[PDB]
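Enquirer: Below: one structure in structure tokens.
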Amino acid sequence: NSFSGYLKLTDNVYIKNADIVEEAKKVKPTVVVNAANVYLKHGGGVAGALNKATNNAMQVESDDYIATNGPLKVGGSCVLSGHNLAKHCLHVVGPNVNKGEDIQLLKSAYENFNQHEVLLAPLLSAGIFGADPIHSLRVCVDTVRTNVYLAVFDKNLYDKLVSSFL
């Protein structure tokens, strides 16, 4: 397929040092995953980058979703438009360690991926959500059964994830 340059970690998990926005623009996947919060407020991190790439269309759509349905749950998800990046965006809420949220909900968050055959995704609960990215990758491998292409922005983190993988 159109995913190029990934390292194979397992039967179904692949990883690349890449900006998820640029990779979505190049591949136009069926599903891109957003690292969302429960309010779908896309201010920073991956969410802020994806929203900016849609010229704020993602935020306008999200505000309507919240007005109609209320907040997500931690560990939950919703499927919205992918705008100019993808057919669909799967907004998944991993726990935010900095808010005291239970890291065990990371497994629930990754289970949402199993409803989709192929996904382009970031590591959940990494970055500004405060969890250890090595732990996030382990939970991903052990939970997701569908095909997941992981994009890791930071080269030093990418190298550490690959070189410590077991």
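Ligands are numbered from 1 in the order shown, residues from 1 within each chain, and chains are lettered A, B, ... in the order they appear in the structure tokens.
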Please return, as a list in words, all residues of stretch 3-143 of chain A that DSSP assigns to strand (DSSP E or B) on the basis of the backbone.
Expert: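 Those in stretch 3-143 of chain A that DSSP calls strand (DSSP E or B) are residues 7, 8, 13, 14, 15, 16, 17, 31, 32, 33, 34, 35, 77, 78, 79, 80, 81, 88, 89, 90, 91, 92, 118, 119, 120 and 121 of chain A.
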Enquirer: If we count only C-alpha atoms and set the cut-off at 12 Å, which residues sit around residue A:96, ignoring sequence neighbours fewer than 3 positions away in its own chain? Please answer as a PyMOL selection string.
Expert: chain A and resi 35-38+74-75+93+99-106+109+124-132
Enquirer: Kindly give the distance, in Å, that separates atom CA of residue A:10 and atom CA of residue A:138, rounded to a single decimal.
Expert: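 Value for the atom CA of residue A:10-atom CA of residue A:138 distance: 11.3 Å.
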Enquirer: Near residue A:58, within 10 Å and counting only C-alpha atoms, which residues show up once chain neighbours fewer than 5 positions away are dropped, as a ChimeraX atom specification?
Expert: /A:40-42,47-48,50-53,63,80-84,89
Enquirer: Export C-alpha atoms of the chosen residues as an mmCIF file, in the first residue's frame?
Expert:
```cif
data_model
loop_
_atom_site.group_PDB
_atom_site.id
_atom_site.type_symbol
_atom_site.label_atom_id
_atom_site.label_comp_id
_atom_site.auth_asym_id
_atom_site.auth_seq_id
_atom_site.Cartn_x
_atom_site.Cartn_y
_atom_site.Cartn_z
ATOM 1 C CA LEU A 40 -12.602 17.757 21.846
ATOM 2 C CA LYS A 41 -10.711 21.014 22.437
ATOM 3 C CA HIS A 42 -7.849 20.705 19.955
ATOM 4 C CA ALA A 47 -4.685 17.549 18.260
ATOM 5 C CA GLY A 48 -3.659 21.168 17.823
ATOM 6 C CA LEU A 50 -4.187 18.194 13.132
ATOM 7 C CA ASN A 51 -6.791 20.882 13.701
ATOM 8 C CA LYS A 52 -4.513 23.619 12.355
ATOM 9 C CA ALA A 53 -3.963 21.541 9.194
ATOM 10 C CA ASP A 63 -17.904 21.807 18.918
ATOM 11 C CA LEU A 80 -15.760 12.318 12.802
ATOM 12 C CA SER A 81 -14.663 13.595 9.413
ATOM 13 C CA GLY A 82 -11.025 13.472 8.360
ATOM 14 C CA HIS A 83 -11.420 16.720 6.416
ATOM 15 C CA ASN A 84 -8.397 17.216 4.116
ATOM 16 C CA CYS A 89 -10.712 10.906 12.110
#
```
Enquirer: Determine, for each residue of stretch 63-134 of chain A having at least one atom at most 7 Å from an atom of stretch 149-154 of chain A, the closest pair of atoms and their separation in Å to one decimal, counting only C-alpha atoms; order by chain and ascending number, as CSV.
Expert:
```
residue,atom,partner,partner_atom,distance
A:119,CA,A:149,CA,6.2
A:120,CA,A:149,CA,4.8
A:121,CA,A:150,CA,5.0
A:122,CA,A:151,CA,5.4
A:123,CA,A:150,CA,6.8
```
Enquirer: I'd like the neighbourhood of residue A:3 as a short mmCIF file (atom, residue, chain, number, x, y, z; two decimals) with C-alpha atoms, in the first residue's frame, where a residue qualifies if any of its atoms comes within 10 Å (using only C-alpha atoms), though same-chain residues fewer than 6 positions away should be ignored.
Expert:
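Wrote out_26.cif, looks like this:
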```cif
data_model
loop_
_atom_site.label_atom_id
_atom_site.label_comp_id
_atom_site.auth_asym_id
_atom_site.auth_seq_id
_atom_site.Cartn_x
_atom_site.Cartn_y
_atom_site.Cartn_z
CA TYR A 14 4.63 -0.58 12.15
CA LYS A 16 8.14 5.55 11.53
CA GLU A 23 2.13 11.62 6.64
CA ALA A 24 -1.66 12.00 6.54
CA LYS A 26 0.82 12.22 1.72
CA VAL A 27 -1.10 8.96 2.27
CA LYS A 28 -4.69 10.20 2.71
CA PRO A 29 -5.51 7.19 4.91
CA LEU A 120 -2.43 5.99 11.05
CA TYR A 149 1.03 2.63 11.42
#
```
Enquirer: What parts of stretch 1-163 of chain A does DSSP call alpha helix (DSSP H)? I'd like the answer as a ChimeraX atom specification.
Expert: /A:20-27,45-53,57-69,105-111,133-143,155-163
Enquirer: Using only C-alpha atoms, which of the listed residues (A:97, A:134, A:31, A:85) sits closest to residue A:157?
Expert: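 The answer is A:134, which sits nearest to residue A:157.
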